[PDB]
Amino acid sequence: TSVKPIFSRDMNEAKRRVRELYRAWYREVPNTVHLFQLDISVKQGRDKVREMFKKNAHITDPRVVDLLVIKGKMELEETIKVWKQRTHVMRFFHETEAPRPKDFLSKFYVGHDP
Amino acid sequence: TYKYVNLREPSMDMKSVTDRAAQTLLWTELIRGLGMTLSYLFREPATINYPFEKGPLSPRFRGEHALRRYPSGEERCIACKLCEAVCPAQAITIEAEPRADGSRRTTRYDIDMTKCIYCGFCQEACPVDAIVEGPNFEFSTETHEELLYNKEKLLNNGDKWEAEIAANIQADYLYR
Amino acid sequence: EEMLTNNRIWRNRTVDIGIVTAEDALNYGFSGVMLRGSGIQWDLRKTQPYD
Amino acid sequence: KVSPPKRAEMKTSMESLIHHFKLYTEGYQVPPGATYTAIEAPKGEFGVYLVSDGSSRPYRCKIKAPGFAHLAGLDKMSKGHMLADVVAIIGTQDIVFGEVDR
Amino acid sequence: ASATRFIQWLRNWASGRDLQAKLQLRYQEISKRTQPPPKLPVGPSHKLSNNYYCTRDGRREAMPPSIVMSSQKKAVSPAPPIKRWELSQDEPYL
Amino acid sequence: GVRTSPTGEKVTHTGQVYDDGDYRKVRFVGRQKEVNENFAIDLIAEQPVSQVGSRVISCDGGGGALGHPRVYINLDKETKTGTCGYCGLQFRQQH
Amino acid sequence: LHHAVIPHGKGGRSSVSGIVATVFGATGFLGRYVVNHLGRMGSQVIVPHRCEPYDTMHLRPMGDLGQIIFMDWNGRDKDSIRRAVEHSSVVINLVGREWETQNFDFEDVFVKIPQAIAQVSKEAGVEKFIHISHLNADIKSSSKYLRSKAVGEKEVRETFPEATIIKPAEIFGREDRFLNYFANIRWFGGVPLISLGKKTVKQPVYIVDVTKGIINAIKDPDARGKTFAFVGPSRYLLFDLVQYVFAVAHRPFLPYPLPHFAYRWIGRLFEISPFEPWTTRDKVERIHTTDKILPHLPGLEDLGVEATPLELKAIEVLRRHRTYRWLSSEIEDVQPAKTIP
Amino acid sequence: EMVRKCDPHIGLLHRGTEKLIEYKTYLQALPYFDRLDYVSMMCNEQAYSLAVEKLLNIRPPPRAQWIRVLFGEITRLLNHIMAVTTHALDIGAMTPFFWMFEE
Amino acid sequence: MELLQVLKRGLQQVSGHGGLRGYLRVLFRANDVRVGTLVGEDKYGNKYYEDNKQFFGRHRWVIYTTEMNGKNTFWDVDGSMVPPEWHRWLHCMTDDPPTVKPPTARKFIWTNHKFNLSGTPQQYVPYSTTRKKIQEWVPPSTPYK
Amino acid sequence: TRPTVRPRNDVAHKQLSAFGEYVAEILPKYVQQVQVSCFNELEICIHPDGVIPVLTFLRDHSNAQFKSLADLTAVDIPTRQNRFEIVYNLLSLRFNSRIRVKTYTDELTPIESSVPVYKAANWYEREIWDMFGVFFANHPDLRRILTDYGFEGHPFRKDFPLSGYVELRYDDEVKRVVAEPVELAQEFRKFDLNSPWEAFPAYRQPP
Amino acid sequence: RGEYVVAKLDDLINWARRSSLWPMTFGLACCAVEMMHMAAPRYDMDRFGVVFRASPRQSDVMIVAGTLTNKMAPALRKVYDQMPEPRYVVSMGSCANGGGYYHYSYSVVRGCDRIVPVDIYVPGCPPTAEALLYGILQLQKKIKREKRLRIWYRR
Amino acid sequence: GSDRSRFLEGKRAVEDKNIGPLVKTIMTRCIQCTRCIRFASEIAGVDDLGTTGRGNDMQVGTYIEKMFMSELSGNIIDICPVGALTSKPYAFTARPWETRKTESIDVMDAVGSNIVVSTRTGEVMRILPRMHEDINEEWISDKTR
Ligand SMILES: CCCCCCCCCCCCCCCCCC(=O)OC[C@H](COP(=O)(O)OCCN)OC(=O)CCCCCCCCCCCCCCCCC
Ligand SMILES: NC(=O)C1=CN([C@@H]2O[C@H](COP(=O)(O)OP(=O)(O)OC[C@H]3O[C@@H](n4cnc5c(N)ncnc54)[C@H](OP(=O)(O)O)[C@@H]3O)[C@@H](O)[C@H]2O)C=CC1
Ligand code: SF4
Ligand code: SF4
Ligand code: SF4
Ligand code: SF4
Ligand code: SF4
Ligand SMILES: [K+]
Ligand SMILES: [Zn+2]
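- Header annotation of the entry names cryo-EM as the structure determination method and lists the resolution as 2.3 Å.

- Per the PDB entry, chain J goes by the name NADH dehydrogenase [ubiquinone] iron-sulfur protein 3, mitochondrial and belongs to Bos taurus.
- Quoted verbatim from the Function (literature references left out) heading of the UniProt record, the comment on chain J is "Core subunit of the mitochondrial membrane respiratory chain NADH dehydrogenase (Complex I) which catalyzes electron transfer from NADH through the respiratory chain, using ubiquinone as an electron acceptor. Essential for the catalytic activity and assembly of complex I (By similarity)."
- Its UniProt record, at the heading Catalytic activity, says of chain J: "a ubiquinone + NADH + 5 H(+)(in) = a ubiquinol + NAD(+) + 4 H(+)(out)".

- The name the PDB entry gives chain I is NADH dehydrogenase [ubiquinone] 1 alpha subcomplex subunit 12, with Bos taurus as the organism.
- On record in UniProt, under Function, the comment for chain I is "Accessory subunit of the mitochondrial membrane respiratory chain NADH dehydrogenase (Complex I), that is believed not to be involved in catalysis. Complex I functions in the transfer of electrons from NADH to the respiratory chain. The immediate electron acceptor for the enzyme is believed to be ubiquinone."
- The record held by UniProt for chain I lists under Subcellular location the comment "Mitochondrion inner membrane".

Pasting the structure below:
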């Protein structure tokens, strides 16, 4: 189990890079809303950022964490430099997707998907 | 072997230097360029009077698709699905079953003309010359749905265009 | 060529514009006219010919 | 077994019909292997890295487009130049984005 | 082709070329649009004997790569150095 | 031949017709249902049976290499005709 | 169910919702959202239109291939109505106009046409019928628009007893004639208001809420024969609402009092226009009418829709009414309006 | 108007050609090469054909090889007309485009 | 002087179209006043002309009929009006006009050619040509239960 | 010289074999395999640690002089524990010769960036990262190059579906382009084409 | 009679609009090469009054000449929205029509009509330059049939 | 085999024979391998199939008009290497390359024969045996098929 690292020697160093990324995203949301003229609030933007970090909270491999951070920085740079358009920033909120209830009976009525 | 495109030293004699000064001051090479566009003004233009005149084409031209018949009126297609298999775009859809007289014939033959790349592979693959690309190229539509051809459309195309298609096949089948 | 080659406006727009050295062209992975414009004597039809 | 028979042969000979049938359905199989082949295309060296796994469909086909490397050099070539010179430089590279992007 | 003599002279002079000899519009020198039928030849494998496919089977002559080294004297180059190109004798300098 | 359903919609040569109550026939309102009129099953029946003097005849559809692959047809059964499996032409052995 | 209308798929563009809907008046403000939501889930939408086909082009991208069907119709040609509804399972009537014209008056578009559509639909076996009325419909109203809505709503309930009748308050959205109407008063300087807008209360509702309520009514068996009232979550004074509109748009707000007779006189001034009048006498009346409170009627929450506050969507409608200086201002920069508790 | 940095953002015509080819037979993949450098169509075909002919260990006949060089060079004329005249068109000289596109 | 001969040729074109009225008709219908040899006429009224001294592409042309299949085509013409037998000759796929090389007759070939019908009530509407795949159980019409 | 069979060239085969073992003698620390195909193409298979030492040697050595990086790409082979094969195709103008250098990595192991050796490698490594998700260490500017902004996944992996997971349309309600789960009106029709009869005995694997 | 007057005014505005169609200088892939050949001397689109103009503000027609990818879709919608009205869209070639050769790709929009409304579809891969011209003249005849003022009169 | 023919004669043609509603016979395709005869005799225990005549005229069949209606009859479709014996219900409906193979189990009885369910475009096209040495070997019953 001797593997070449990416950036972090262990989870302690990786969680430091995670916190650094979270700060960068957290500071950036106010500019993103302003620059892209989004009709959402800074609170919704930061709640969405928080929701994106939370879904990955269960990782324990430092290499996987490093790659998630690398992608997070790539995503942040795309946003800061306005390489993304408003459509890309808003794809995180899936505003046109209809609710898909997640209880057995609701799925049973609509189709065969488990 | 190679040649140099731009490797020449201008002559430094008095006549040459004064020739270049005249070119610089009197714009001789720019005047020469004006002569070329002037000569074109007095040439007959290359434009043709479409739609009263048409650009030339050959018998091999790949245009709108059609399903053909034998001289008896029977359909040529026997639902082998070679065209459907070879289609690079998967633009062909086929269903078949025994006909009421036991013939092997299609019940579905769709070509999605917005998927099709008009490559002619289907007519190469057909063993009986049932599916062809005809010579028509003026079938633009107002809606997307009008370009999803089913078997009725393709048979009507064959009946509509057979007179030209058969003459075109006659001209080129010895090259195939 | 009458319109462009000796035209002083054309030369002003293209002469000494976008100079690439032979060494840079090779390391950057250039090929074709992008190599031969800088003096590299290379053309796959001559050096690695086909049909 | 590689090139289809002539249509007249296909309609007379059993072997020709079988081979016509198989070439237009399964297609010819290629022996396993990998090649990088290039030509002097009009825009530069155009090549393919073609990996065959032994079947009738390629396993991998990487296309080397000469314009891909050329456009990567645009920033290098445009140093010290103005906007209108970048217009000229894009043209001198002779770029078509069908091959740059694939 | 219908240009009058004066117009022919005018554009000949302005261009500096005799444009009537190499017109860019096509007239009667092109091939007829109907042609006699062809009679294409057949290839070297169209024989009735001495033609066993196993003796002309390119695909079955391909072999796996030759393993030169695996982890299971003079210096060499990949090939001789490339010969220096010659200047063209048709037109060395443009 | 092309019949019409009790709703008036024409029946194709494949027997297709939207049934009474299928919403999908709204696509034809203000427009038309494309239906080829020359039914090949009826056309091939119009052809006469060809009388041949051999047990086995061959067919290529006519036109040489413009027809279909050449096949051979056995005419030993007298209770029926041999039919070309490609073009549907029919053959019989005279006495 | 006929096999062709059994739902299939995952509720997306290429799915089959099972809904075959004729939407009269699909070429207007409410129509484009209704047609958008039907086509999202793979419904078959029939769009009979009176307008020029150029004006229906924005509806074309809303459905997969073959799923939006256009027909010509005339509100007085009962045969043209039959052709458009005879294949559908639900008919939605969004027809209406905020001004009378030489050819069509409020009685035509709010009584005669809705009655004819309902009548033909019933005779054709159409099973569901959704008719849009107005929250403030009243036979005693001082507005002909609202008086005809009351009459038309009665005739619809008689011709098609099982109809769903929806009564929305003033609807706000990108293409509304509400928030956009107030913001466009700025070209006349001050903002006239009857009694300075202190006597009127409004409860505006978001366009998407009305749309989602219509779509749920189609799918809800309990919705048959009922009458709903679609109102927003908050009641505002007309003065506070218009003040909020000018704050969100960052335009100077100069309200002044104008008595009813004076406002009416100007309303006739703008009625002269043969095109689309900027305002009318009737429009002035409806804007200054108080939005009725109808506790006895079911509402958006009864159909599962959660009403969207005006505070969250006003910028979406009103950002384009600002100058370059204020274009980038964010949603939280303006303080909301006093809501009548 | 001085250029301090060029950052080409490409991919706006990325169509996953290389992934699509994995789902095609070698014949079915051939038309994808017409649509790469879509000004040098027959030259792209030749490069793909040479690669497949190399893996197959077969050789095309002499007449086909001469046709390929003939239409390869006609294709070079097509490419260079497009390259030179659009290059001139961008630089402001619009007239050569029209003369040479008749060719 | 050639400049005098050119005027005669241009003045001749007015008579070659049967007077000023016919000349102005072709000028406004086709934007071209050339006079060619009448190769033939199809059953819809289209007239086909050649002049082999014109350059390739301009040496064959059609003057479309003024009415086709009940449609007024005096001003509205389109290339899809050319019937298939003349289509081959007009596009130079063959040298022989159908007056000389008639097409082979078949009992299923359309006798009446149709132009592009998009945007009209005769337009093509796609549909599935196959029958229903699954037959559903129909419950009985009597209460036995 | 049978007319339909590609002719052999043993001289090139011999020259490339000799140079193959020349490279193996000089860089034994990194070279794992050397092979020459029957159509005369030389491949050096190396440990990934040797990317920079090996590529530098082939570029700069006087008997190699592979100055041009013709192509840099990756291949995905899911059955291998190191599923990604990294392939460098180099050209030597001096000796009119080509060479292929191959190494490997997995989803989580970085490969040293070869931009220091070849400036051409910059965009090629961005493409490999974009289409395969292989990370290149010390790349001056690593980011997607071909995929859409914010695109999730690496399409050229064998387990990425042909049509992906999302598709785009214009939505009038939000007045913008939106991304939604992919639905196809006509599913792509998978064909099973392989013949159940062996084609090439020369390549038969032992059982 | 108003009916007569509005009918004649319809003919005038329709005639002016179809006689002066200015497509946006906008092309995507190989179909754009055939669009160049329509502007080239043999067909000379300019002789019909059809003139390319680069700015969307000065364009009446968007010819979607080539494949529309997911990455390009927002920019195509942007420049279509920035065209003043009336505006028209001509879909040229299989890619723009419905995805074409790349229909099943993860990166391609399956038809530009998912992004913008389309007035004419020109089939082909690519359509010939003549085929595209046929499509432009078909658009002209569609504009000729418009009844904007006659419908307004009867509103 | 070779990639071409040198046979310049006419071919043999054989009359087809009706052996029941399940197996269609196109006996001109038969290559006289006798697999069907051996299967019928040994597996199915029915000595009804045989060869009549001799030489090039040798024919597989039942001689008289007979139906091969055994509970295992359909298997001869699988073991016939050519299209001489084919499934009548399956006739003309599909091609092998376009079917999706779902390996599944038969429920028509309690043996649990392993089967392949061939489907295409959402529809079941046919049933094939799946080899299981310890259950059904490579056969299925005709009810299963
Ligand atoms: C008794 C003693 C008498 C004393 C007086 C004697 C005076 C006469 C002798 C003096 C010389 C007279 C001629 C002077 C004309 C002006 C010359 C000039 O300025 O042009 C030179 C200019 C130089 O630019 P360039 O070639 O790029 O290189 C220069 C390096 N620094 O290059 C240019 O300007 C090029 C211009 C480019 C744009 C040209 C586009 C139009 C070209 C066609 C125009 C044709 C002329 C039309 C004139 C119509 C007038 C109605
Ligand atoms: N604030 C609001 O918007 C509210 C609206 N409503 C009701 O909702 C419905 C639609 O609202 P909205 O969409 O805003 O109204 P719009 O005016 O925006 O659209 C009206 C629709 O009715 C059609 N129409 C109008 N007159 C006629 C006619 N004489 N013959 C045929 N069709 C006609 C129009 O077609 P064309 O495009 O041809 O004019 C258009 O499609 C109306 O009934 C309205 O009263 C209820 C409460 C509040
Ligand atoms: S022309 Fe090519 S893409 Fe079109 S249907 Fe035929 S095989 Fe398919
Ligand atoms: S059109 Fe030809 S290739 Fe296609 S299924 Fe019919 S017979 Fe076979
Ligand atoms: S439709 Fe054909 S020619 Fe046009 S962009 Fe697509 S592949 Fe290229
Ligand atoms: S199994 Fe088939 S090929 Fe063999 S003898 Fe029986 S019918 Fe003939
Ligand atoms: S598929 Fe096999 S059995 Fe059928 S005709 Fe061809 S070779 Fe004979
Ligand atoms: K069999
Ligand atoms: Zn036959």
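**A short note on the coordination of the zinc ion (ligand 9)**
Each donor-metal-donor angle would ideally measure 109.5 degrees in four-coordinate tetrahedral geometry, or 90 or 180 degrees in six-coordinate octahedral geometry.
Residues and elements named next belong to chain F.
Right, so step 1: At 2.0 to 2.4 Å from the zinc ion (ligand 9) lie its protein donor atoms, namely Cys59 (SG), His68 (NE2), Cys84 (SG) and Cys87 (SG).
Right, so step 2: In this structure, the zinc ion (ligand 9) is coordinated by four donor atoms arranged in tetrahedral fashion, with angles at the metal of 100 to 121 degrees.
Right, so step 3: Binding-site remark: the zinc ion (ligand 9) is held by donors from one chain whose sequence spacing is C-x8-H-x15-C-x2-C. Of this pair, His68 sits in the loop between strand 2 (56-59) and strand 3 (71-74) while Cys84 sits in the loop between strand 4 (82-83) and strand 5 (90-93); the two residues are 16 residues apart in sequence, bridging distant segments of the chain. Of the two residues, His68 and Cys84, both sit in the buried class.

**A short note on the interface of chain K and chain I**
Right, so step 1: The partner chain I presents nine residues to the five residues of chain K that form the contact.
Right, so step 2: In this assembly, chain K packs against chain I so that about 520 Å² is buried in total across both faces, 36% of it on carbon and sulfur atoms.
Right, so step 3: If you look at where chain K meets chain I, you find one salt bridge.
Right, so step 4: Salt-bridge contacts for K:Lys144 lead to I:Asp76; the nearest nitrogen and oxygen are separated by 3.2 Å.

**Digging into the packing of helix 2 (residues 31-39) of chain K against helix 5 (residues 129-144) of chain K**
Residues and elements named next belong to chain K.
Right, so step 1: At a minimum axis distance of 8 Å, the contact between helix 2 and helix 5 shows a crossing angle of 75 degrees. The angle between the axes of helix 2 and helix 5 places the two elements in the roughly perpendicular class. Facing helix 2, whose interface residues are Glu34, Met35, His37 and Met38, helix 5 presents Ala129, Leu132, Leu133 and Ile136.
Right, so step 2: Grouping the constituent residues of the contact of helix 2 with helix 5 by class yields six nonpolar, one polar and one charged.

**Focus on the packing of aromatic side chains**
Right, so step 1: If you walk through the whole model with that rule in mind, you get 62 aromatic pairs over all chains.
Right, so step 2: Centroid distance A:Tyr22 to A:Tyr26: 6.1 Å. Interplanar angle 40 degrees. Geometry classified as tilted. With A:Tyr22 and A:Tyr26 both in helix 1 (residues 11-36) and four residues apart, this pair spans about one turn of that helix.
Right, so step 3: Overall, the relative accessible area of 24% leaves A:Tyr22 in the partly exposed class.
Right, so step 4: Aromatic side chains H:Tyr32 and K:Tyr102 sit 5.7 Å apart centroid to centroid with 50 degrees between the ring planes, which places their arrangement in the tilted category. Of this pair, H:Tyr32 sits in helix 2 (residues 26-34) while K:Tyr102 is found in the loop between helix 4 (93-98) and strand 3 (120-122), placing the two residues in two different chains. Comparing H:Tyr32 with K:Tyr102, the two get one shared label, buried.
Right, so step 5: In textbook terms, an aromatic cluster arises when at least three aromatic residues are bridged by ring pairs, as seen for B:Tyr2, B:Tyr4, E:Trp85 and E:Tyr93.
Right, so step 6: Sitting over the face of the ring of B:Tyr175, B:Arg60 holds its NZ or CZ atom 4.8 Å from the ring centroid.

**Here we look at the interface of chain H and chain D**
Right, so step 1: Each side of the interface is counted separately: chain H has 49 residues, and chain D has 55 residues.
Right, so step 2: The junction of chain H with chain D conceals about 4,300 Å² of combined surface from both sides, 67% of it contributed by carbon and sulfur atoms.
Right, so step 3: Of all residues in chain H, the largest losses of buried area upon contact with chain D belong to H:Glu18, H:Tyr26 and H:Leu55, amounting jointly to 18% of the total for that side.
Right, so step 4: Viewed at the interface, chain D and chain H are joined by three salt bridges.
Right, so step 5: Taking the shortest distance from any N to any O, the salt bridge between H:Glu18 and D:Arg60 comes out at 3.1 Å.
Right, so step 6: On inspection of chain H and its partner chain D, the count reaches 19 residue pairs in polar contact.

**Concerning the packing of helix 1 (residues 2-18) of chain K against helix 5 of chain K**
Helix-helix packing: each pair is described by the crossing angle between the helix axes and the interaxial distance.
Residue and element names in this part refer to chain K.
Right, so step 1: At a minimum axis separation of 8 Å, helix 1 and helix 5 run at an interaxial angle of 160 degrees. By the angle between their directions, the pair helix 1 and helix 5 is classed as roughly antiparallel. Once helix 1 is placed against helix 5, the crossing between them reads as right-handed. Across the interface between the two elements, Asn14, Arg17 and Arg18 from helix 1 touch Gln140, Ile143 and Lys144 from helix 5.
Right, so step 2: Of the residues assigned to the contact of helix 1 with helix 5, the class counts are one nonpolar, two polar and three charged.

**Quick notes on a nonpolar patch on the surface**
Residue and element names in this part refer to chain H.
Right, so step 1: Together, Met42, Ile67, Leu70, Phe71, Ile74 and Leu78 make up an exposed nonpolar region whose accessible area comes to about 500 Å².
Right, so step 2: The leading source of residues in the nonpolar patch is helix 4 (residues 62-91), at five residues.
Right, so step 3: For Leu78, the location among the structural elements is in helix 4.
Right, so step 4: Residue class for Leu78 comes out partly exposed when judged on its relative accessible area of 41%.

**Describing helix 3 (residues 73-81) of chain K**
Right, so step 1: All of the buried residues along helix 3 of chain K are K:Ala73, K:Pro74, K:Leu76, K:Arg77, K:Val79 and K:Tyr80.
Right, so step 2: Tucked inside the fold, the buried residues of helix 3 of chain K contact helix 4 (86-90) of chain A, strand 8 (166-171) and strand 9 (176-181) of chain J together with strand 1 (61-65) and strand 2 (88-92) of chain K.

**Topic: the arrangement of the chains**
Right, so step 1: The top pair by number of contacts, from a total of 40 pairs of chains in contact, is chains D and H.
Right, so step 2: The least C-alpha distance between chain H and chain I, which are not in contact, is 13 Å.
Right, so step 3: The closest approach of any C-alpha atom in chain G to one in chain L is 13 Å; the two make no contact.

**Some thoughts on the coordination of the potassium ion (ligand 8)**
Residue and element names in this part refer to chain L.
Right, so step 1: Protein coordination at the potassium ion (ligand 8): the donors are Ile77 (O), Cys80 (O), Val82 (O) and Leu85 (O), at 2.6 to 2.9 Å from the metal.
Right, so step 2: Here the donor residues for the potassium ion (ligand 8) map to a single chain with the spacing I-x2-C-x1-V-x2-L.
Right, so step 3: The exposure class assigned to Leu85 is buried, which follows from its relative accessible area of 7%.

Calculation notes
- Residues numbered from 1 in each chain as written, not as in the entry; some residues may be left out.
- Chains lettered and ligands numbered in written order.
- Part of a larger assembly, values for the part shown.
- Heavy atoms only, no water.
- UniProt positions renumbered as here; feature names shortened; annotations may be inferred.
- Donors = N, O, S within 2.8 Å, 3.2 Å for Na, K, Ca; no water.
- Tetrahedral: all angles 85-135°; square planar, octahedral: opposite > 155°, others 65-115°.
- Helix = DSSP H or I, 4+ residues; strand = E, 2+ residues; numbered from the N terminus.
- Buried < 20%, exposed > 50% of the residue type's maximum accessible area, 1.4 Å probe, protein only.
- Contact = heavy atoms within 4.5 Å.
- Buried area = accessible area lost by both parts, 1.4 Å probe.
- Salt bridge = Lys/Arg side-chain N within 4 Å of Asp/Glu carboxyl O.
- Axes fitted to C-alpha atoms, helices over the stretch in contact; angles between N-to-C directions.
- Parallel < 35°, antiparallel > 145°, perpendicular 65-115°, else oblique.
- Nonpolar A, V, L, I, M, F, W, Y, C, P; charged D, E, K, R; others polar.
- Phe/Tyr/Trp six-rings, centres within 6.5 Å; stacked < 30°, edge-to-face > 60°.
- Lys NZ or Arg CZ within 6 Å of the ring centre and 35° of its normal.
- Polar contact = N/O pair within 3.5 Å; in protein donor to acceptor, adjacent residues only side chain to side chain.
- Left-handed = near helix turned anticlockwise from the far one by under 90°.
- Patch = residues over 30% accessible without salt bridge, like charges linked within 9 Å, V, L, I, M, F, W, Y side chains within 5 Å.
- Areas by Shrake-Rupley, 256 points an atom, 1.4 Å probe, with all protein chains shown as cover.

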